[PDB]
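I have placed the structure first, in the form of structure tokens, so that the comments after it can refer back to it.
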Amino acid sequence: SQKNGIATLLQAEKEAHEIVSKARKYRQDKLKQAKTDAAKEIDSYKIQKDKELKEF
Amino acid sequence: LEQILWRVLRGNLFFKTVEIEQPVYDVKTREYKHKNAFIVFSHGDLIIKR
């Protein structure tokens, strides 16, 4: 059972490493989301300028 | 094969030897010899290729 359990544990460690890689990919997606949030923050000033342009 | 593996791949690499019930004929050897499974698992693509 030691060798078979070791092989199963190696497969499980591979799965955990894949999960860590997926978490890194999700972190990249969150970075893209932060970029989109910064875009929304810029668009707030864009709307402010459009109001000011319409203010004139 | 196991000794060569533990020497060249000095790191830890598990093995899953399993015995074959009946011999299987070989092409060059022209004979049937008792065989065993060579299942092995390790990390690293270069290690797998080696």
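Just so we're on the same page: first chain in the structure tokens is A, next is B, and so on; residues restart at 1 for each chain, and ligands are numbered from 1 in the order they show up.
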
Please return, as a VMD selection string, all residues of chain A lying within 12 Å of chain B when only C-alpha atoms are considered. chain A and resid 1 to 11 13 to 14 17

Would you mind exporting N, CA and C atoms of the selected residues as an mmCIF file, in the first residue's frame?
data_model
loop_
_atom_site.group_PDB
_atom_site.id
_atom_site.type_symbol
_atom_site.label_atom_id
_atom_site.label_comp_id
_atom_site.auth_asym_id
_atom_site.auth_seq_id
_atom_site.Cartn_x
_atom_site.Cartn_y
_atom_site.Cartn_z
ATOM 1 N N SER A 1 0.825 -1.202 0.000
ATOM 2 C CA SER A 1 0.000 0.000 0.000
ATOM 3 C C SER A 1 0.863 1.257 0.000
ATOM 4 N N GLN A 2 2.104 1.119 0.473
ATOM 5 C CA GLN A 2 3.008 2.264 0.520
ATOM 6 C C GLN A 2 3.333 2.774 -0.880
ATOM 7 N N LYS A 3 3.631 1.868 -1.814
ATOM 8 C CA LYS A 3 3.978 2.288 -3.169
ATOM 9 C C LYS A 3 2.752 2.789 -3.925
ATOM 10 N N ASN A 4 1.634 2.065 -3.827
ATOM 11 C CA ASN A 4 0.408 2.515 -4.476
ATOM 12 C C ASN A 4 -0.081 3.824 -3.871
ATOM 13 N N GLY A 5 -0.029 3.934 -2.543
ATOM 14 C CA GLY A 5 -0.374 5.191 -1.904
ATOM 15 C C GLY A 5 0.547 6.318 -2.325
ATOM 16 N N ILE A 6 1.828 6.009 -2.533
ATOM 17 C CA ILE A 6 2.778 7.021 -2.982
ATOM 18 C C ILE A 6 2.440 7.487 -4.393
ATOM 19 N N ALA A 7 2.090 6.553 -5.279
ATOM 20 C CA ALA A 7 1.697 6.934 -6.633
ATOM 21 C C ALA A 7 0.434 7.785 -6.616
ATOM 22 N N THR A 8 -0.541 7.401 -5.792
ATOM 23 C CA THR A 8 -1.756 8.198 -5.667
ATOM 24 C C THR A 8 -1.443 9.586 -5.126
ATOM 25 N N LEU A 9 -0.532 9.672 -4.155
ATOM 26 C CA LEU A 9 -0.142 10.966 -3.613
ATOM 27 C C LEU A 9 0.588 11.807 -4.648
ATOM 28 N N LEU A 10 1.385 11.177 -5.511
ATOM 29 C CA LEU A 10 2.033 11.916 -6.589
ATOM 30 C C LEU A 10 1.004 12.479 -7.558
ATOM 31 N N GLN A 11 -0.006 11.679 -7.904
ATOM 32 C CA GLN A 11 -1.083 12.188 -8.747
ATOM 33 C C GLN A 11 -1.817 13.337 -8.063
ATOM 34 N N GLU A 13 -0.595 15.395 -5.815
ATOM 35 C CA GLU A 13 0.284 16.558 -5.838
ATOM 36 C C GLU A 13 0.278 17.215 -7.209
ATOM 37 N N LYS A 14 0.233 16.411 -8.271
ATOM 38 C CA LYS A 14 0.098 16.976 -9.608
ATOM 39 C C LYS A 14 -1.203 17.757 -9.736
ATOM 40 N N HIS A 17 -0.810 21.021 -7.928
ATOM 41 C CA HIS A 17 -0.013 21.949 -8.723
ATOM 42 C C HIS A 17 -0.840 22.548 -9.853
#

Can you list every residue in region 17-50 of chain B that DSSP puts in strand (DSSP E), as a ChimeraX atom specification? /B:24-25,32-33,39-41

Quick one: residues within 8 Å of residue 24 (chain B), only C-alpha atoms, excluding same-chain residues fewer than 6 positions away - as a VMD selection string? chain B and resid 31 to 35

How would the residues just picked look written out with C-alpha atoms as a JSON list (two decimals), in the first residue's frame?
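Output file again.json is given in full below:
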[["chain", "number", "residue", "atom", "x", "y", "z"],
["B", 31, "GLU", "CA", 12.67, -16.19, -27.03],
["B", 32, "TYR", "CA", 9.92, -15.65, -24.48],
["B", 33, "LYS", "CA", 11.11, -14.32, -21.12],
["B", 34, "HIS", "CA", 9.35, -13.38, -17.90],
["B", 35, "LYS", "CA", 8.58, -9.65, -17.94]]

DSSP alpha helix (DSSP H) selection over chain B, as a PyMOL selection string: chain B and resi 2-8+45-49

What does the distance from CA of residue 6 (chain B) to CA of residue 12 (chain A) come to in Å, to one decimal? 22.6 Å

Quick one: of B:49, B:38, B:44, B:4, who's nearest to residue 18 (chain B), counting only C-alpha atoms?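 So, comparing all the options, the nearest one is B:38.
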
Work out how far apart CA of residue 50 (chain A) and CA of residue 32 (chain A) are and give it in Å to one decimal.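 Separation of CA of residue 50 (chain A) and CA of residue 32 (chain A): 26.1 Å.
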
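Between CA of residue 30 (chain B) and CA of residue 5 (chain B) there is a distance of 27.3 Å.
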
So which one's closest to residue 9 (chain B), B:45, B:26, B:37, B:50? Using only C-alpha atoms, please.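 Result for the nearest residue to residue 9 (chain B): B:50.
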